[PDB]
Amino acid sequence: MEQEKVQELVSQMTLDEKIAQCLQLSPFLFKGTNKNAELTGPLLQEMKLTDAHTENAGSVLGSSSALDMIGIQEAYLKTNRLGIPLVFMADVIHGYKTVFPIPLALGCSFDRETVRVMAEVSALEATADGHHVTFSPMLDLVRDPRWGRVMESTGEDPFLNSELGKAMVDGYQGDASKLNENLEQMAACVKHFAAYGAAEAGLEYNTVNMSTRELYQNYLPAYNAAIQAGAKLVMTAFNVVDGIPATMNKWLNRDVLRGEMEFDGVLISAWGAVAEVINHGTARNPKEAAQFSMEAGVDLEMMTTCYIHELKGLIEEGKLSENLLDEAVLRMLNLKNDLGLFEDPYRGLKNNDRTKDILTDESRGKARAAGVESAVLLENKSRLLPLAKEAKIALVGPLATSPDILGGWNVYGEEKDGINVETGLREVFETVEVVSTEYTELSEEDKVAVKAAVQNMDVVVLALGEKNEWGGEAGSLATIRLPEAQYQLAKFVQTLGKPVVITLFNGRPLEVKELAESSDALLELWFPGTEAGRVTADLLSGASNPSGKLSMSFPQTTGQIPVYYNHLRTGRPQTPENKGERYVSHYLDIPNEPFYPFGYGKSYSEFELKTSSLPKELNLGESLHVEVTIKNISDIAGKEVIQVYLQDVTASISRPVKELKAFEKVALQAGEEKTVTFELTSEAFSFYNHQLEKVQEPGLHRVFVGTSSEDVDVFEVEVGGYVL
């Protein structure tokens, strides 16, 4: 509908209707739900919600199905005075029913198209079941694998996170201006604004603190990129940002997000985050919480009641302007209008059962392809991998048969539809003997069984990993190790004298030195989703060739955290020249280097790269064009991730030794050669100074081209002169 009519609607709403429009509830709080109706009476009572509230609520989250949505929306519209439909939102993080790899794995793909396809399939399915908005992409920069929510991020690099966040937004939304016509696309919601991933000591919901300059330099760019690409909503974070809970942080939300970033859509609280400013000690009671959160521009309170119970009194007493409320309401109505809800409140579903669009073989093949892009081959000593299809496999461990391979933040996908490692392997390999063990134990009976199977077979596929519940939200591990029984299993298997491949399933970087050293090959599958066992067999058999690269460093030990590629030099860097000397930046007990670095991953192929001759000088404002020729010099088709880093050698702020500024994943047949070109604009040379200006300074830069943050050629360019 026309904008004037949307505005007319705000004019016609009562104060009570406006206030309720800013409330989001679970589906079973509404009449006409078709699941958990037993919960309705008591929770309404505990939250002090009445029909006047629920008949005028703005939004539902976590609808259980299309029939839930239709039932709720049909009942709601029979009673709603002005005919303002509900907007339905859901956590579609890495797939709906067809589950794709967890986002940290998708990070390791270094493949924008993989990420866009994942998001496109997710929306196809989730719109089929009645959802209008997804709480994705998650764009929190992560340096601390203790935090269980690293699985939701694409990792430690702001540029990669930025690029892949744009890819996700494009996949969910397509052309954002046509979300009222394209009903298999859905609105995206960027989360969590901001810097949630810096939770101190890896502890869920904990303190975040960093300088404003560092917040701009590293922690804000991915949110900004997704906002500029047209993400429709933004969601607040649970943490303080410089001492003030994000939800009520007016500088963050009004000055940065709405002002500088020019975001003009709905700002939704994380769950209960409005009320939880009271816990943080920055609001005395729900009245202050409501006032401060509305002052900060939070439009939609997720499942708490501060707005609903307090806004009327604040407005009547003159402590809050009703204009702020009208602004929030208008943004809510505009979101609904963008989704087409005033013309079709059922968004395509009313006369059109799209059941058939869910969990198709096509979508499954795309989830398999995502998993084979995202896995990272970490070790392969003496070409153990790929295995011949006639290889006799002893498949042993806790991940041999476990159906828990879909990942955390899987709200809608079902394990009954997933493919476990055994099932995947048996489709490919004729001879497999299986010995399942428990996740946290290694018995004498297990050892006897394992030794028998290994003796019978020729190679060991040792399937290790995490239960998904050991990560995700409020899954913090102080020690980033598998259960000790799993390391003991690996040590035992090594003694048996056969070659061992470890296929590792997990949601965070772990201490894997003991695994790498106890086996011949190490394949990081992360959690691949629905097709996990087929992803695993295809990579092991060579039907697919591993091409993922680490998007997050793997520490030597827990106590190395945080360790990351884009670090500062210090005043006393350890060099090859001074290594062993006491008075330099080092640990007495471990190397400075992570066990594996950003951008690292192995392949069954071998590749050669060469960079075309670069200018020795550049003007300010001028782009650097980097041309790279890559050849596959092996007999095996595969993909390589070409990475380009920049370093600012001297600056008014100490700058990182490298920062990723371009990447492309290149597919090459045996012997095939291709040429790729990158443009590093002057923005790539730029950074935030002590006064928070984004600046470009003349001086020397180094340009690194290669296949990891370590395996690079280095070039120098002197920037100066005039500004183009």
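The first residue of the shown sequence is 1; numbering continues from there.
Next item on the list: Can you let me know which of the two, 133-141 or 493-501, has the higher average C-alpha B-factor in the entry?
Entry: For C-alpha atoms only, the mean B-factor is higher in 493-501.
Checklist line | Stretch with the greater mean C-alpha B-factor as recorded in the entry, comparing 149-157 against 362-370 | finding: Of 362-370 and 149-157, the stretch with the higher C-alpha B-factor average is 362-370.
Checklist line | Largest Cα B-factor, entry values, listed residues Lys166, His567, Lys616, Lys549 | finding: The listed residue with the largest C-alpha B-factor is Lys616.
Margin query: Maximum C-alpha temperature factor per the entry, among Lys658, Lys665, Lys661, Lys48, belongs to which one?
Written below: That would be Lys48.
Notebook entry, point to check: Based on the entry's values, in what third of the chain does the Cα temperature factor of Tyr172 lie: lowest, middle or highest?
Noted result: Middle third of the chain for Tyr172's C-alpha B-factor.
Checklist line | Third of the chain, ranked by Cα B-factor, where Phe28 sits | finding: Highest third, going by the recorded CA B-factors of the chain.
Item checked: Chain-relative CA temperature factor third for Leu77 -> Within its chain, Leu77 is a highest-third residue by C-alpha B-factor, going by the deposited values.
Notebook entry, point to check: Against its chain's modelled residues, does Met303's Cα B factor rank lowest, middle or highest third?
Noted result: Ranked within chain, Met303 CA B lands in the middle tercile.
Checklist line | B-factor third for the C-alpha atom of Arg347 within its chain | finding: Answer is highest: the recorded C-alpha B-factor places it there.
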